[PDB]
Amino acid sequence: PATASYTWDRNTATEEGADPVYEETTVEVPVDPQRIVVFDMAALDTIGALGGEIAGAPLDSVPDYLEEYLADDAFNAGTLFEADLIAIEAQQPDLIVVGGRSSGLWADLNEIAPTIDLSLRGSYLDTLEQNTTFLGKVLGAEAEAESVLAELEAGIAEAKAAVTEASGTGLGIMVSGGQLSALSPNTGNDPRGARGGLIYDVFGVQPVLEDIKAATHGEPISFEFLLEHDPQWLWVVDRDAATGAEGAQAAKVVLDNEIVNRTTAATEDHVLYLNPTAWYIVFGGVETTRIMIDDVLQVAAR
């Protein structure tokens, strides 16, 4: 009937737009927990992949590829941002897992049952390894955790090889509301920007500019930006697809314009679309990382 001690540097800020202030926190998590409530899809992902089952979750947000890991009678815990604390309290969970968008809900949830925050810390890759190992200990699935990490390391290396063999320069963009935002390699340990940098930081695409963030100003880029710097490969994340934005046109059609069609990437069939839900909503987790690996491996085929 053991517990496992979890200690991390918690962002005490509740807005995710606020300058973080980190404070070390420890929580005693029960081993082999029997009613887990998860708000962070990436933790939901990994818990499923190690053989677990989710008892409660923001159901309206669970991606179809993770739907299978819900309990047959799983209850709705809230949304990605907000908790139904009366429902949850009634449901008497024994472990609650929070992260990212739900990071701020930590203190309220922890009053109900031991809650851990598996927000991204530092490296996407460091987070993948730590969270998966830890959850392994919680679920009594240490062997499975060792195994999926081995698989994921081999898959990631496979994709990096594919990217290297494609060579060239690349640019990651995120389309939202007909607008374009340049993705940039993550500079610093700032975990706000780890997601954008994934394509460069984990998979090794060489950036079209040695300092994209600089040239970008932080402001959206024009179609003319693509044409100017003309990356060999263009990696596209349709953010509106992932968030359920109404009246939004698909990334594909947004990029179907006289300017972009003159781009090297377009004329050479070097525009690759990444899975919006995986790359933008979930961003972490075992099955999600596999989806990423398959997405990157598309360069091999072009």
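Throughout, we count residues from 1 along the sequence that is shown.
As listed in the deposited structure, the average C-alpha B-factor of 97 to 105 and of 122 to 130 is greater for 122 to 130. When the two stretches 252 to 260 and 28 to 36 are set side by side, the higher mean Cα temperature factor goes to 252 to 260. Among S181, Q206, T115, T79, the highest C-alpha B-factor in the deposited entry belongs to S181. Going by the entry's values, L226 shows the largest Cα B-factor out of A194, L139, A157, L226. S147: CA B factor in the middle third of modelled residues in this chain (values from the PDB entry). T164 sits in the middle third of its chain by CA B factor, as recorded in the PDB entry.
Placement of the Cα temperature factor of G244 within the chain: highest third of the modelled residues, per the deposited record. Per the PDB record, residue ranking by Cα B-factor puts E111 in the middle third of the chain. Sort the chain's modelled residues by C-alpha temperature factor and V202 lands in the lowest third, per the entry.
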